[PDB]
Structure formats: C-alpha cells, structure tokens
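Taking the form deposited in one PDB entry, here's one chain by itself in structure tokens.
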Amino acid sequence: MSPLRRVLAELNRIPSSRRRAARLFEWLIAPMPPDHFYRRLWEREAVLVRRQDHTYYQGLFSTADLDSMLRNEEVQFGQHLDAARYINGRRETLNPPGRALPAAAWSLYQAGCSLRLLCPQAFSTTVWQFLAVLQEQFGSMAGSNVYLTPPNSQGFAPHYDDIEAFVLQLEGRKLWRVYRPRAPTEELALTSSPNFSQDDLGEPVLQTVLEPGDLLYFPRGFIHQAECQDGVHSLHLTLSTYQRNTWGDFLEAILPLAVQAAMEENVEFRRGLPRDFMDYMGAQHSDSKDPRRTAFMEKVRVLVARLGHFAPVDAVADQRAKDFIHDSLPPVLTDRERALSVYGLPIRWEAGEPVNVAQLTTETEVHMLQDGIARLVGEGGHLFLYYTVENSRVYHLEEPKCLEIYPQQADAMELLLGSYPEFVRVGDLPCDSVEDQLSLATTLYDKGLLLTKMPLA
C-alpha cells in the first residue's frame, strides 16, 4: 500500500477535521516540519522536497484516470481541458471546439501538445478529498490543475502566477526552472504575468529534474518553466491557494465602510472643504509653494489615519469567511461522521411504504459535523448561518447557502461552533426554553450540519 492511501486510511480514523487538515499538510511536505515551513519559507522562498519514493502520491491521479475521464465524463475543451505547446519561443493553443473525446486528446498529445485539466476535483473523488481537507488549514480556497506533457517538449511559456503553487510530480521526470522575483513590484504579485521570453529571464534560483514523489513549492511572483527530458513523459498536479487573500484586499473592503461610519459619527468628517482649495491643489499646482497646500495634505493624512478607529474589522472578517464558505469544496465525511449524521440515517420499508425510516431528544449529545463547514454572520441586523454542505465540487455552481438564526438561539449556535469537537447535551444548550433548545438541534441535524453521539436509527 502506498503512503498516500495509507495516510488517507489514517485520516479516516482521525475525529477532528481540523486535526485532519494539519495531518494531511504534514504528510504533503514530509519530512519538513509545518511550523518551519510557514514561519520561514511560505511566501518567501521556493522549496524542493526529494522524497526518494516514486510511490508516494500513488493513488492520487494518473494518466489512466485522465483517459478514463475523457471517455466517461463530459469533458469539454477550453472549459475543462486545454491543449498547448511552446515551440520557437512561441506559445500555441490548439483547443478544438466542444467535447474533448479521447481520440482528439491523444491525437493532440502525439502531436506534442501538453494537456492541462482545469478542475480534477470535479471529476476525481481522491483529488476532491485531498483539496477539501487541505483548504481547512489554508483558510483559503485550494484549487488544482493536472498537467500531462509529451516526451521532448514544453507545453507552456515561462511566467509567474498570482497564487501559491505546490507541484506534485506524479509520473516520469521533468526539468524545472524556478526564478526569484525579478523586481520589488513582482514580489508577491497580485495578478498573473504575460508570457515571458528566455531573454527576459535571469538566473534560476532553483533548477532540477523532478521525479515521482517529489514536491516543489514556490510563492506567487516567482517565474517558472519546465520541459520533459528525452523519451519520458511527465504528469504532475499543481495545488494552488491564496488568491487575492492579502492585507490590501482586507483594507479595500474596510475603507469604504470606515469613511461612511466616520462621516455619520463625527462632524469633522462632515465639514466643508475650503472654498478655494482648487487654487493650490491639483496637477497644475503640484509645484505650488502656497503653505495652504502643505496644510491641506497634512489634514488628508490625519483624517485617513483617523479612519482606522471607524473600521468594522470584525464585520469584514465575517464577510471574507462567508465568501470562503461559498468558494469551499463540499466536505468529505469519515465513516463515523456519516454514520452519526443524517447522511447515515437508514430508511425502513414496511409493506412497500417507508415506515418511519429516528428523532432528536433532550438526552442527545451532539456537535458540529466538521469544524470548517459553517460560519455565523450578521447582516441587516439578523444572523445567518452560511455553510458548505450543499456546495458543488465545481467552483461556484451553487449560490451562497444559509439559514437564519434567531436571537433566542444565537448563543447556543456560537457554543456549538466554538466547542467543536466537544459533545454537548442538547438539553444543556444555552437557550430560553427547551423548544428553542431542540428546534435548533433539529434544524442543524436535518441540514446535515450536526452529528450525534450514537446513531438515532
């Protein structure tokens, strides 16, 4: 048995979804320790992990699974699969219209075209499981792409991305070349770059041949390019995360709300501008010596600084959590979680008709299904519980899902969300009455958000 199915089997025996996420990441970069990685390497340097084990990722994804997908599923060119080549320093795209049947795909492959699968998780349960778990410890959507390159070729031109990449060599070997950010403004880039030329590139800060099992990491801003060696093809999966998840993004949402609050709460933000600032402010006056200009600029600077006092940091943090819930992949349940949830509730048929399949009582111990599937949020004064359980495996196919939380249950809801994975008697929930104590537990159980100590039926 490969280390991968062996860790997956282990994962099925780990109760805490949070701990599972930590465990899988640990596995992903073994033997390097997580704390060292996140504190010194993350968003700072390209890292390589030679695992001396060609069977490490075995079971995650193979060229055979790709072939099986194109044949079994409705794979579409462009939307799901791309065909590209990089010859004579030029990037080419031979994407045919419509479905990508095996016959067309392999014909392009033979023609030296690389094949790129955009959303493996939408078609592979293993890949879905992998990403679904890792997203919980990234605190950001974790996506993926699969790349298959023919012998003696290069599918894509050199460039850097707007996300943190994790390259998992799955089959064959390939020569990688990773460069350190060329200039200060490219460090931790916000957007993807245009295809670069070999001349515009400097000296590789890292150049090696990856083999099955190896892991290659590098933050956004680092240019990279790879090519297959002679007579051997390459297949690898790239895990990506942290797209537009910066302090700047956080501020972009904070500021508008801050100025509005400042104007409503403090009269100094409501006072009129001078009647003649147009005489010394503006491009025409960029070289003015009018002392009023200096005073004007100093006032803008202080007012801007004073905005931090009016910044609804918690609200914006909740809004980002909400969006994260929407971007999240649906959860992967363990045998236990499923068996102890509505998803494992059996249905008994008596005389052809379903005979009461089961019901929650005040003597039932429960706790959230998993740790990263729901988030309480305030909007318009009311509370709403946003969750991932109904999300599709395909990015944003489903709209935000939520269920309103009434004030007489707000505390009980926070407890459950904050006490995971501690079993709490439903009768011990902090509510007004027993009714609100059981209606909450039932609603949450029915949606598949809560699990019980022992099966109800």
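All residue numbers are counted from 1 along the displayed sequence.
Heads up, the form solved in complex with a partner chain isn't pictured, but that's what we're talking about next.
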Between the options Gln79, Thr361, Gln207, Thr125, which residue brings a heavy atom to within 4.5 Å of the partner chain in the entry with it bound? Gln79
Heavy atom within 4.5 Å of the partner chain in the entry with it bound - residue from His326, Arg173, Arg116, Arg180: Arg116
Counting only heavy atoms and a 4.5 Å cut-off, does the partner chain in the entry with it bound sit next to every one of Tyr147, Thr238 and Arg393? yes
Wondering, does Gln243 line up within 4.5 Å of the partner chain in the entry with it bound on heavy atoms? yes
Do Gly213 and the partner chain come within 4.5 Å of each other in the entry with it bound, heavy atoms counted? no
Touches the partner chain in the entry with it bound: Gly143 (any heavy atom, 4.5 Å): yes
State yes or no: in the entry with it bound, is some non-hydrogen atom of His159 no more than 4.5 angstroms from a non-hydrogen atom of the partner chain? yes
